[PDB]
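In order, the protein sequence lines correspond to chains A and B. Numbering-wise (this note's numbering), the first sequence opens with residue 15 and increments by one. Numbering-wise (this note's numbering), the second sequence opens with residue 920 and increments by one. Ideal Cβ placement from N, Cα and C applies to all residues, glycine included.
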Amino acid sequence: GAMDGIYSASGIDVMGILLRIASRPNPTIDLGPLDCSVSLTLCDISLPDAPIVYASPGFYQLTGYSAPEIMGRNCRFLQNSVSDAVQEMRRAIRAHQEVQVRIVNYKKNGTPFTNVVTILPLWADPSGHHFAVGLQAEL
Amino acid sequence: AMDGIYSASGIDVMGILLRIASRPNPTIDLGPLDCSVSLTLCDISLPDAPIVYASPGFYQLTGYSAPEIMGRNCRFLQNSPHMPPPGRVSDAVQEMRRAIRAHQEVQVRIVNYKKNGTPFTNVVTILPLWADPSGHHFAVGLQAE
Ligand SMILES: Cc1cc2nc3c(=O)[nH]c(=O)nc-3n(C[C@H](O)[C@H](O)[C@H](O)COP(=O)(O)O)c2cc1C
Ligand SMILES: Cc1cc2nc3c(=O)[nH]c(=O)nc-3n(C[C@H](O)[C@H](O)[C@H](O)COP(=O)(O)O)c2cc1C
């Protein structure tokens, strides 16, 4: 039992999330391949204002932020050092629909980028937690 | 087309992991994995099983960089330039060797050396893949201190 969870330092089971992605009915977006450098956030929609409960190394690398600086915050801070992508994401998330947009975001140093953002709200799990996954990519 | 914007290497590592997760007759329970996991992918149909991909977690765990380790066999991790040669060879090495050869899952613990010479008890798990559209067999390794 000393090896329980040694392959997730966060104790988050991202692979559980991957399984949900693959199992979703009526998938509308194909992610294509993901590797371990992927920018990825998990937000708990079951908590008020969809706070970040996990971000991959790839997200920190993309944005220049660190864990204490972003954990527990809504992803919208990325939009500031407004776009119709914002409302497209708001509405999709509300309907629990998959959505993909391009939108201008900003790294910690204030540098703007065009971020290709995919959000899969997925679903509330029997515990009631509701992990939404977002993937980011600088184009 | 947005295909491949979420894998700069082109490789579907996470599709690889998912297949693994749901494999029949598992022998080891991997447990939870996150995106920091140290991971190597080796093409064992190519001479001396070269690394064709290592995760950010692998470079963070071991201290090497991509161009230092790509194309190389993973055994360099058993070597510190600042240790004396071994007669004391771990059973871990043979177990890995024999498992790889039989396309068998295997999990051992063994001493490796970060690039700065520090030993760590690496818990290495090696899993087999099926022949890719290539006809090539791969092995996925998961490392962790
Ligand atoms: C899992 C997840 C990841 C998200 N990632 C991003 C992102 O990378 N960039 C961004 O601008 N918005 C992202 N968002 C969108 C914002 O968090 C927010 O939902 C958006 O601004 C619409 O809501 P609002 O009108 O209240 O601000 C993400 C949302 C979720 C649920
Ligand atoms: C995917 C993969 C990952 C491996 N990862 C490690 C590792 O992290 N540490 C280690 O000491 N050996 C690792 N090995 C083992 C060596 O690469 C090699 O197979 C082992 O030393 C046995 O072969 P040998 O007797 O020729 O040295 C890995 C092998 C494979 C195929």
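Nearest to residue i (by Cα), restricted to the options the options
i: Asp1051(B); options: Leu980(B), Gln979(B), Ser964(B); result: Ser964(B)
i: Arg108(A); options: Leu54(A), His144(A), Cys50(A), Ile117(A); result: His144(A)
i: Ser1009(B); options: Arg994(B), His1022(B), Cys961(B); result: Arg994(B)
i: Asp953(B); options: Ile20(A), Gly46(A), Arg38(A), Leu45(A); result: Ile20(A)
i: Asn119(A); options: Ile133(A), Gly142(A), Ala106(A), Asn94(A); result: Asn94(A)
i: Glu1024(B); options: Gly929(B), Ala940(B), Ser974(B), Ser928(B); result: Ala940(B)
i: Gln1026(B); options: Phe1039(B), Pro1038(B), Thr1044(B), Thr981(B); result: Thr1044(B)
i: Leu980(B); options: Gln150(A), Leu149(A), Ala23(A), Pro39(A); result: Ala23(A)
i: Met1002(B); options: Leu949(B), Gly1036(B), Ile988(B); result: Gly1036(B)
i: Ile1029(B); options: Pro1004(B), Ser1053(B), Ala1063(B), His1022(B); result: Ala1063(B)
i: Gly1054(B); options: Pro951(B), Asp962(B), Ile930(B); result: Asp962(B)
i: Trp137(A); options: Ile84(A), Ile31(A), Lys122(A); result: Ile31(A)
i: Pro1038(B); options: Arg938(B), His1022(B), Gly990(B), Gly982(B); result: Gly982(B)
i: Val956(B); options: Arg87(A), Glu83(A), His110(A), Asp27(A); result: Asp27(A)
i: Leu149(A); options: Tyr74(A), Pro39(A), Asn40(A); result: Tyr74(A)
i: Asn992(B); options: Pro1005(B), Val971(B), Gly1006(B), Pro943(B); result: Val971(B)
i: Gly25(A); options: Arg1007(B), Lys1034(B), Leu949(B), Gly929(B); result: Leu949(B)
i: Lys1034(B); options: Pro945(B), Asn944(B), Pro1000(B); result: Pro1000(B)
Buried versus exposed call for residue i [16 or more other C-beta atoms within 10 Å across all chains shown]
i: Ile947(B); result: exposed
i: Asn129(A); result: buried
i: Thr55(A); result: buried
i: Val147(A); result: buried
i: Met29(A); result: buried
i: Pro135(A); result: buried
i: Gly72(A); result: buried
i: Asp922(B); result: exposed
i: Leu153(A); result: exposed
i: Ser984(B); result: exposed
i: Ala973(B); result: buried
i: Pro47(A); result: buried
i: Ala16(A); result: exposed
Residue i beta carbon near ligand 3 (any heavy atom closer than 7 angstroms)
i: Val971(B); result: As presented, the structure is devoid of ligand 3, carrying ligand 1 and ligand 2 as its sole ligands.
* Asked: If you measure from each residue's Cβ to the nearest non-hydrogen atom of ligand 1, which ones come out under 7 angstroms, in chain order?
  -> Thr55(A), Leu56(A), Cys57(A), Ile59(A), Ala64(A), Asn88(A), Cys89(A), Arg90(A), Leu92(A), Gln93(A), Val100(A), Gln101(A), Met103(A), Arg104(A), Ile107(A), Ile117(A), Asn119(A), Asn129(A), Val131(A), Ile133(A), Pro135(A), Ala146(A), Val147(A), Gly148(A), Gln150(A)
* Asked: Per the contact definition of three or more C-beta pairs closer than 8 angstroms, is the stretch 92-106 of chain A in contact with the stretch 57-75 of chain A?
  -> no
* Listed in chain order, which residues of the stretch 93-112 of chain A have Cβ atoms closer than 8 angstroms to some Cβ of chain C? -> Here chain C cannot be found, since the structure's protein chains are A and B.
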